[PDB]
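Structure data (mmCIF, C-alpha atoms and all ligand atoms) from run_38.cif:
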```cif
data_start
#
loop_
_atom_site.label_atom_id
_atom_site.label_comp_id
_atom_site.auth_asym_id
_atom_site.auth_seq_id
_atom_site.Cartn_x
_atom_site.Cartn_y
_atom_site.Cartn_z
CA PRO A 1 -23.87 -72.76 16.42
CA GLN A 2 -25.96 -74.20 13.58
CA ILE A 3 -26.61 -77.93 13.85
CA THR A 4 -27.56 -80.11 10.89
CA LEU A 5 -29.52 -83.28 11.44
CA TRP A 6 -27.66 -85.97 9.48
CA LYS A 7 -26.52 -87.21 12.88
CA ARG A 8 -28.19 -87.21 16.29
CA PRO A 9 -27.87 -83.70 17.68
CA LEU A 10 -25.82 -84.74 20.74
CA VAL A 11 -24.17 -82.22 23.04
CA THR A 12 -22.09 -82.20 26.16
CA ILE A 13 -23.88 -80.75 29.14
CA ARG A 14 -22.52 -79.95 32.54
CA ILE A 15 -24.62 -80.57 35.61
CA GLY A 16 -23.23 -80.69 39.13
CA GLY A 17 -19.62 -80.65 38.03
CA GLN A 18 -20.43 -83.76 36.00
CA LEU A 19 -20.17 -83.95 32.21
CA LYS A 20 -22.85 -85.89 30.38
CA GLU A 21 -23.97 -86.34 26.79
CA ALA A 22 -27.54 -85.37 25.92
CA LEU A 23 -29.78 -85.10 22.87
CA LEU A 24 -31.36 -81.78 21.80
CA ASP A 25 -34.95 -82.98 21.47
CA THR A 26 -37.55 -80.55 20.12
CA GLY A 27 -40.14 -83.31 20.45
CA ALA A 28 -39.85 -83.45 24.24
CA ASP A 29 -41.65 -80.77 26.28
CA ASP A 30 -39.46 -81.52 29.28
CA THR A 31 -35.84 -82.35 30.01
CA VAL A 32 -35.36 -85.97 31.14
CA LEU A 33 -32.07 -87.39 32.36
CA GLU A 34 -30.85 -90.88 33.17
CA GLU A 35 -30.70 -92.03 36.79
CA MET A 36 -28.25 -89.94 38.78
CA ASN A 37 -27.89 -88.17 42.12
CA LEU A 38 -28.94 -84.53 42.21
CA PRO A 39 -29.04 -82.41 45.38
CA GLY A 40 -32.26 -80.95 46.72
CA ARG A 41 -35.84 -81.79 47.52
CA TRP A 42 -37.45 -83.64 44.64
CA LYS A 43 -41.09 -84.53 44.00
CA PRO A 44 -42.48 -87.68 42.33
CA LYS A 45 -44.01 -87.18 38.88
CA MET A 46 -45.13 -89.21 35.88
CA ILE A 47 -44.51 -88.43 32.23
CA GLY A 48 -45.71 -90.09 29.08
CA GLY A 49 -43.54 -91.08 26.15
CA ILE A 50 -44.12 -92.93 22.92
CA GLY A 51 -44.35 -96.28 24.68
CA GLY A 52 -46.25 -95.33 27.82
CA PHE A 53 -45.81 -93.59 31.17
CA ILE A 54 -42.88 -93.78 33.55
CA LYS A 55 -42.21 -92.50 37.06
CA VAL A 56 -39.57 -89.77 37.41
CA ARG A 57 -38.04 -87.56 40.10
CA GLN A 58 -38.63 -83.85 39.55
CA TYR A 59 -35.91 -81.36 40.48
CA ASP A 60 -36.67 -77.64 40.25
CA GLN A 61 -34.44 -74.71 39.36
CA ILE A 62 -31.40 -76.77 38.34
CA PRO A 63 -28.41 -74.98 36.72
CA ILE A 64 -27.27 -76.70 33.54
CA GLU A 65 -24.72 -75.67 30.94
CA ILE A 66 -25.45 -76.75 27.37
CA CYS A 67 -22.49 -76.14 25.07
CA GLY A 68 -21.41 -73.14 27.12
CA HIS A 69 -24.95 -71.74 27.39
CA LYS A 70 -26.46 -71.46 30.87
CA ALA A 71 -30.01 -72.52 31.72
CA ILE A 72 -31.80 -72.92 35.04
CA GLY A 73 -34.96 -74.98 35.15
CA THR A 74 -36.83 -78.20 35.85
CA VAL A 75 -35.03 -81.48 35.30
CA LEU A 76 -36.74 -84.86 35.45
CA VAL A 77 -34.62 -87.88 36.36
CA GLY A 78 -35.71 -91.44 35.60
CA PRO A 79 -35.73 -94.50 33.28
CA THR A 80 -35.23 -92.78 29.94
CA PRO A 81 -33.37 -94.60 27.12
CA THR A 82 -31.19 -91.51 26.82
CA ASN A 83 -30.63 -88.02 28.21
CA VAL A 84 -32.82 -85.47 26.46
CA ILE A 85 -32.96 -81.71 26.62
CA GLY A 86 -36.54 -80.57 26.07
CA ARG A 87 -38.20 -77.31 25.09
CA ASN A 88 -38.21 -76.05 28.71
CA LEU A 89 -34.41 -75.59 28.51
CA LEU A 90 -34.04 -75.16 24.73
CA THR A 91 -36.06 -71.94 24.88
CA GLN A 92 -33.83 -70.66 27.65
CA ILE A 93 -30.72 -70.87 25.45
CA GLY A 94 -32.56 -69.33 22.52
CA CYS A 95 -32.76 -72.44 20.38
CA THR A 96 -34.89 -72.34 17.22
CA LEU A 97 -35.67 -74.49 14.17
CA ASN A 98 -34.82 -73.18 10.72
CA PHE A 99 -35.44 -74.29 7.13
CA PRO B 1 -39.15 -70.14 8.29
CA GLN B 2 -38.01 -69.80 11.90
CA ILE B 3 -39.87 -71.78 14.55
CA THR B 4 -39.48 -70.93 18.25
CA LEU B 5 -40.00 -73.51 20.95
CA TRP B 6 -42.31 -71.76 23.43
CA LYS B 7 -44.90 -74.24 22.19
CA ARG B 8 -44.70 -77.61 20.43
CA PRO B 9 -43.27 -77.27 16.89
CA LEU B 10 -46.50 -78.42 15.17
CA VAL B 11 -46.73 -78.17 11.40
CA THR B 12 -49.04 -79.22 8.60
CA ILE B 13 -47.98 -82.20 6.54
CA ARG B 14 -49.52 -83.73 3.45
CA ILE B 15 -49.58 -87.48 2.89
CA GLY B 16 -51.82 -89.35 0.47
CA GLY B 17 -54.13 -86.41 0.02
CA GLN B 18 -54.43 -86.27 3.79
CA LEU B 19 -53.23 -83.25 5.74
CA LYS B 20 -52.18 -83.77 9.36
CA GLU B 21 -50.56 -81.96 12.26
CA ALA B 22 -47.07 -83.26 12.99
CA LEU B 23 -44.28 -82.45 15.41
CA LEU B 24 -40.86 -81.40 14.06
CA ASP B 25 -38.68 -83.66 16.18
CA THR B 26 -34.89 -83.55 16.16
CA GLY B 27 -35.07 -86.27 18.82
CA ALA B 28 -36.74 -88.79 16.52
CA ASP B 29 -34.35 -90.66 14.21
CA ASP B 30 -37.24 -91.71 11.98
CA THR B 31 -40.69 -90.43 11.21
CA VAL B 32 -43.63 -92.06 12.97
CA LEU B 33 -47.23 -91.44 12.02
CA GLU B 34 -50.45 -92.51 13.67
CA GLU B 35 -52.26 -95.49 12.18
CA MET B 36 -53.40 -95.10 8.57
CA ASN B 37 -53.86 -97.45 5.60
CA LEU B 38 -50.93 -96.66 3.33
CA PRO B 39 -50.58 -98.69 0.13
CA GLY B 40 -47.48 -100.73 -0.57
CA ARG B 41 -45.43 -103.46 1.04
CA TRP B 42 -44.17 -102.85 4.57
CA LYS B 43 -41.90 -104.42 7.18
CA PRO B 44 -42.67 -104.98 10.91
CA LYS B 45 -40.49 -103.16 13.38
CA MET B 46 -40.16 -102.32 17.07
CA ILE B 47 -39.08 -98.84 18.19
CA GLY B 48 -38.61 -97.69 21.75
CA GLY B 49 -38.60 -94.52 23.75
CA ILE B 50 -39.86 -93.30 27.08
CA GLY B 51 -42.22 -95.87 28.49
CA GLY B 52 -40.97 -98.71 26.29
CA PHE B 53 -41.49 -100.11 22.80
CA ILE B 54 -44.32 -100.12 20.27
CA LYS B 55 -44.77 -102.17 17.10
CA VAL B 56 -44.89 -100.15 13.88
CA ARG B 57 -45.06 -100.84 10.14
CA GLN B 58 -42.18 -99.55 8.07
CA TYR B 59 -42.99 -98.12 4.64
CA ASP B 60 -40.29 -96.94 2.26
CA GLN B 61 -40.25 -94.21 -0.38
CA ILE B 62 -43.30 -92.35 0.93
CA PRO B 63 -43.87 -88.85 -0.54
CA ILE B 64 -44.56 -86.23 2.11
CA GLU B 65 -45.11 -82.48 2.03
CA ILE B 66 -43.88 -80.58 5.09
CA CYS B 67 -45.02 -76.96 5.08
CA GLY B 68 -44.93 -76.78 1.30
CA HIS B 69 -41.61 -78.63 1.26
CA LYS B 70 -41.19 -81.79 -0.79
CA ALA B 71 -39.65 -84.80 0.91
CA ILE B 72 -39.64 -88.54 0.22
CA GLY B 73 -38.48 -91.27 2.56
CA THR B 74 -39.13 -93.97 5.13
CA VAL B 75 -42.22 -93.66 7.31
CA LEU B 76 -43.20 -95.70 10.39
CA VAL B 77 -46.88 -96.25 11.08
CA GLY B 78 -48.16 -97.44 14.44
CA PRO B 79 -50.04 -96.56 17.67
CA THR B 80 -48.15 -93.36 18.38
CA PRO B 81 -49.74 -90.73 20.69
CA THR B 82 -48.27 -88.00 18.48
CA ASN B 83 -47.23 -87.70 14.82
CA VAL B 84 -43.51 -87.13 14.59
CA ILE B 85 -41.35 -85.89 11.73
CA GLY B 86 -37.87 -87.23 12.35
CA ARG B 87 -34.39 -86.37 11.20
CA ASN B 88 -34.66 -88.70 8.21
CA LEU B 89 -37.17 -86.27 6.71
CA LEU B 90 -35.96 -83.13 8.48
CA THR B 91 -32.58 -83.26 6.71
CA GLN B 92 -34.42 -83.40 3.37
CA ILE B 93 -36.16 -80.03 3.78
CA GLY B 94 -32.89 -78.58 5.09
CA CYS B 95 -34.05 -78.04 8.67
CA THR B 96 -31.37 -77.02 11.20
CA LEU B 97 -31.11 -76.18 14.90
CA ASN B 98 -29.84 -72.73 15.85
CA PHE B 99 -28.72 -70.93 19.00
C1 LIG C 101 -35.88 -88.80 23.04
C2 LIG C 101 -36.65 -90.11 23.11
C3 LIG C 101 -37.92 -89.99 24.00
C4 LIG C 101 -36.88 -90.76 21.76
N1 LIG C 101 -37.94 -90.20 20.70
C5 LIG C 101 -38.20 -88.71 20.59
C6 LIG C 101 -39.05 -87.79 21.61
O1 LIG C 101 -38.95 -86.53 21.05
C7 LIG C 101 -40.58 -88.03 22.02
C8 LIG C 101 -41.74 -87.62 20.98
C9 LIG C 101 -43.11 -87.89 21.55
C10 LIG C 101 -43.82 -86.80 22.22
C11 LIG C 101 -45.13 -87.00 22.81
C12 LIG C 101 -45.78 -88.29 22.73
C13 LIG C 101 -45.07 -89.40 22.05
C14 LIG C 101 -43.74 -89.21 21.46
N2 LIG C 101 -40.83 -87.29 23.25
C15 LIG C 101 -40.97 -87.74 24.48
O2 LIG C 101 -40.76 -88.82 24.87
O3 LIG C 101 -41.40 -86.64 25.24
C16 LIG C 101 -41.66 -86.64 26.65
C17 LIG C 101 -40.33 -86.44 27.38
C18 LIG C 101 -40.46 -85.12 28.14
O4 LIG C 101 -41.60 -84.44 27.65
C19 LIG C 101 -42.49 -85.41 27.04
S1 LIG C 101 -39.38 -91.25 20.50
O5 LIG C 101 -40.64 -90.53 20.42
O6 LIG C 101 -39.44 -92.40 21.34
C20 LIG C 101 -39.12 -91.89 18.94
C21 LIG C 101 -38.15 -92.94 18.82
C22 LIG C 101 -37.84 -93.51 17.55
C23 LIG C 101 -38.49 -93.02 16.39
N3 LIG C 101 -38.18 -93.55 15.24
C24 LIG C 101 -39.47 -91.97 16.46
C25 LIG C 101 -39.79 -91.39 17.75
#
```

Structure encoded using structure tokens:
Amino acid sequence: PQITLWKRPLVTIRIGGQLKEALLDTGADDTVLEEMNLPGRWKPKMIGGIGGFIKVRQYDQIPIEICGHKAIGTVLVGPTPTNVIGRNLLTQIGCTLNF
Amino acid sequence: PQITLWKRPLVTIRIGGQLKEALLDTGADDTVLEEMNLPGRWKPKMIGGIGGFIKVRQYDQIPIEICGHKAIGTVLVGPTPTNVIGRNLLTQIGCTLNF
């Protein structure tokens, strides 16, 4: 599907039988989700945003469905103002910018 | 043009005779550029993201050239780690997301 940008590019994602809303963010290198419980061994990590660095929990090889498109990769969970799908998963579903 | 996301979507932008590298960011509602002395009246503002908030100066009606594409709109100037071209300007040059 082709998405215009007059509105926030929000999509419904499915992760762990749960349905959440997330923003397709080409400005984020990684995928960062709001606090939630994911299964598996996670490792502490720190990422930097526009306002500074935060601590997050890193989960590897996580299956996530983005508008019916399957991706399997790294997902960071922590204090983000909103769920964002970064380039690590966008590239998996073949997302590109056009103009 | 078609930009893939294997790497950061960096592009060349022209502002006030100055050419800079900026990120095409569908995740940014508004454009935010690193500190620079732009002429004109401006309004103080606080924007937040990962890590918290930063104070920026809002300028309106600023002419910008994104990869040879003419655009004119609001621009936020402050201590941002990275220059970001947001949806406000992305919609102007007809940029879309595809997959
Ligand atoms: C989705 C959230 C974070 C909100 N914004 C968009 C994001 O794309 C933002 C862009 C950015 C990249 C690198 C350094 C600094 C900023 N990336 C971000 O945090 O990347 C992290 C998450 C994983 O990988 C790296 S924002 O920058 O706060 C923002 C908010 C308001 C305006 N008006 C303009 C920009």

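With distances taken from (-41.4, -87.8, 0.5) and restricted to all atoms listed in the file, the residues inside 6 Å are residues 62, 63, 64, 71, 72 and 73 of chain B.
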
Pull C-alpha atoms from the residues just selected and write them as an mmCIF file, in the frame of the given file.
```
data_model
loop_
_atom_site.group_PDB
_atom_site.id
_atom_site.type_symbol
_atom_site.label_atom_id
_atom_site.label_comp_id
_atom_site.auth_asym_id
_atom_site.auth_seq_id
_atom_site.Cartn_x
_atom_site.Cartn_y
_atom_site.Cartn_z
ATOM 1 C CA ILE B 62 -43.300 -92.350 0.930
ATOM 2 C CA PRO B 63 -43.870 -88.850 -0.540
ATOM 3 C CA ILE B 64 -44.560 -86.230 2.110
ATOM 4 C CA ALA B 71 -39.650 -84.800 0.910
ATOM 5 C CA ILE B 72 -39.640 -88.540 0.220
ATOM 6 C CA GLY B 73 -38.480 -91.270 2.560
#
```

Item to check | Contact residues around residue 29 of chain A with only C-alpha atoms at 9 Å, ignoring same-chain residues under 5 positions, as number ranges by chain | outcome: A: 85-88; B: 7-8

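If one restricts the calculation to only C-alpha atoms and all ligand atoms, the set of residues situated within 6 Å of ligand LIG 101 (chain C) consists of residues 25, 27, 28, 29, 30, 31, 32, 48, 49, 50 and 84 of chain A; 25, 27, 28, 29, 30, 31, 32, 47, 48, 49, 50, 81 and 82 of chain B.
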
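For the pair atom CA of residue 36 of chain A and atom CA of residue 67 of chain A, the interatomic distance is 20.3 Å.
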
Around the point (-41.3, -100.5, 10.2), in the coordinates given by the file, pick out the residues reaching within 12 Å, counting all atoms listed in the file, and return them as a short mmCIF file (atom, residue, chain, number, x, y, z; two decimals) with C-alpha atoms, keeping the file's coordinate frame.
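And here's point.cif as it stands now:
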```cif
data_model
loop_
_atom_site.label_atom_id
_atom_site.label_comp_id
_atom_site.auth_asym_id
_atom_site.auth_seq_id
_atom_site.Cartn_x
_atom_site.Cartn_y
_atom_site.Cartn_z
CA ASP B 30 -37.24 -91.71 11.98
CA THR B 31 -40.69 -90.43 11.21
CA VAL B 32 -43.63 -92.06 12.97
CA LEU B 33 -47.23 -91.44 12.02
CA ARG B 41 -45.43 -103.46 1.04
CA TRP B 42 -44.17 -102.85 4.57
CA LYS B 43 -41.90 -104.42 7.18
CA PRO B 44 -42.67 -104.98 10.91
CA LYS B 45 -40.49 -103.16 13.38
CA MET B 46 -40.16 -102.32 17.07
CA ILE B 47 -39.08 -98.84 18.19
CA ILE B 54 -44.32 -100.12 20.27
CA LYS B 55 -44.77 -102.17 17.10
CA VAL B 56 -44.89 -100.15 13.88
CA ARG B 57 -45.06 -100.84 10.14
CA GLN B 58 -42.18 -99.55 8.07
CA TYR B 59 -42.99 -98.12 4.64
CA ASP B 60 -40.29 -96.94 2.26
CA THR B 74 -39.13 -93.97 5.13
CA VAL B 75 -42.22 -93.66 7.31
CA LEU B 76 -43.20 -95.70 10.39
CA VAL B 77 -46.88 -96.25 11.08
CA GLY B 78 -48.16 -97.44 14.44
#
```

Next on the checklist: Residues of chain B within 6 Å of chain A, counting only C-alpha atoms, what are they? List them as a PyMOL selection string.
Outcome noted: chain B and resi 1-5+25-27+49-54+87+91+94-99

Item to check | Coordinates-based distance that separates atom CA of residue 21 of chain B from atom CA of residue 83 of chain A (Å, one decimal) | outcome: 26.2 Å

Please write out, as JSON, where the centre of an axis-aligned box around all listed atoms of segment 13-30 of chain B lies and how long its edges are, in Å to one decimal, after adding 4 Å on each side.
```
{"center_x": -44.4, "center_y": -86.6, "center_z": 9.4, "size_x": 28.1, "size_y": 18.3, "size_z": 26.8}
```

Next on the checklist: Taking 2 positions as the minimum chain separation for residues in the same chain, which residues sit within 7 Å of residue 66 of chain B when counting only C-alpha atoms? Answer as JSON, numbers by chain.
Outcome noted: {"B": [12, 13, 14, 64, 68, 69, 70]}

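Atom to atom, atom CA of residue 17 of chain B and atom CA of residue 37 of chain B stand 12.4 Å apart.
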